[PDB]
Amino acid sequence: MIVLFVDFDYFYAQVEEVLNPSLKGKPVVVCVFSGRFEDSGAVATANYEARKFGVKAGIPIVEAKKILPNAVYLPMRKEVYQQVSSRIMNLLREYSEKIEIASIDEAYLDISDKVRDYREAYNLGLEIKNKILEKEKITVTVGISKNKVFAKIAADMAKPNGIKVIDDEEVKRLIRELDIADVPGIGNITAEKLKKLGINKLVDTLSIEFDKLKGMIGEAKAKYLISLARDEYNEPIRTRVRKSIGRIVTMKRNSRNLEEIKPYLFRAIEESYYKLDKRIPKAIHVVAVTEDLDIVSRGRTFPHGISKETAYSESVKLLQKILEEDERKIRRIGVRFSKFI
């Protein structure tokens, strides 16, 4: 199998640069303003001009401004990025019927039936990069290898505006030399548990007692890492279908007063229904982020679709259950719908 992975560069910030070319060369920071106070919220992303200074996804906007007070700060316009992403995904479908859209800016294409070797795969990658640059002015990084995981690692190694092939020989080298923390699916918590077992490389998971590995990181992640280390990871490219849609908002001030929370909860329901667009959910979950930042949720599944009026009434009962069962104040409140008909 030959997998070609596409990952758009500094996507949100780059789209803003495409829509306003005068921004190019300047540090641009895309913000997610929570509306709680002046500049409260976090950075969604920033272009490398800003990132090279530590301004990146997830840091508080206030911290970003301490680092680059003169950068351009723009509020996220997800809908615009989503429409642009959709057009690019449509261009990629021309290169393969087997495509897995993984996120707003990533796609895996199985090009096994399209090219004969990595030389041809590489040339197709260039063709794709040029087509997207021609049509949308967006640069991307392409990663090519024998499976999805290595195709993604290839992209990580080449971004931004790059292309890289990790052939069979290099896959074996990486199994021995790649920091295991850099393997997709291994976050800080799993990386710490592994470091604690002396596991710093994929190859190391083959010499540890399986039960010891499984007991520390779980059966699925252990089987996952071992399959990669054995160079036997096989996962087909599959069409993805969204399984959940929701909206969660930040309240002006923390609270556990039902009447004060309701307006936010109902606003989150309205926006969620707008985002469902014809999809009818059979399940609704009310999700609350407590003052200490913990996440609590209560849901209900119906034997039928949930009308908006039913979403309103059931959401209150679920929020009451959250308040009746938890003692903390709520900071953020929302809903999530799933189990579509």
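Definition used throughout: the rigid core is the maximal C-alpha set that superposes within 1.5 Å between two forms. One rule holds for the numbers: they count along the sequence shown, beginning at 1.
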Between 7 to 15 and 328 to 336, the one drifting more in C-alpha RMS in 8 other deposited structures of this protein once the core is aligned is 328 to 336
RMS over structures and residues, CA atoms, rigid core fit in 8 other deposited structures of this protein: 155 to 163 vs 212 to 220, larger is 212 to 220
When mean C-alpha B-factors in the record are compared for 136 to 144 and 167 to 175, the larger belongs to 167 to 175
Between 237 to 245 and 222 to 230, the record assigns the higher mean Cα B factor to 237 to 245
Reading the B-factor column for Cα atoms of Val15, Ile322, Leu23, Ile333, the highest value belongs to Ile322
From the entry's CA B-factor values, the highest among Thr45, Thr290, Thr301, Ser272 is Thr290
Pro75: CA B-factor among chain residues, third -> lowest
Quick tally, chain-level thirds of C-alpha B-factors: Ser86 sits in the lowest
Chain-relative C-alpha B factor for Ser34 (record values, thirds): the highest
Split the chain's modelled residues into thirds by Cα B-factor; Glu309 lands in the lowest
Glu192: CA B-factor among chain residues, third -> highest
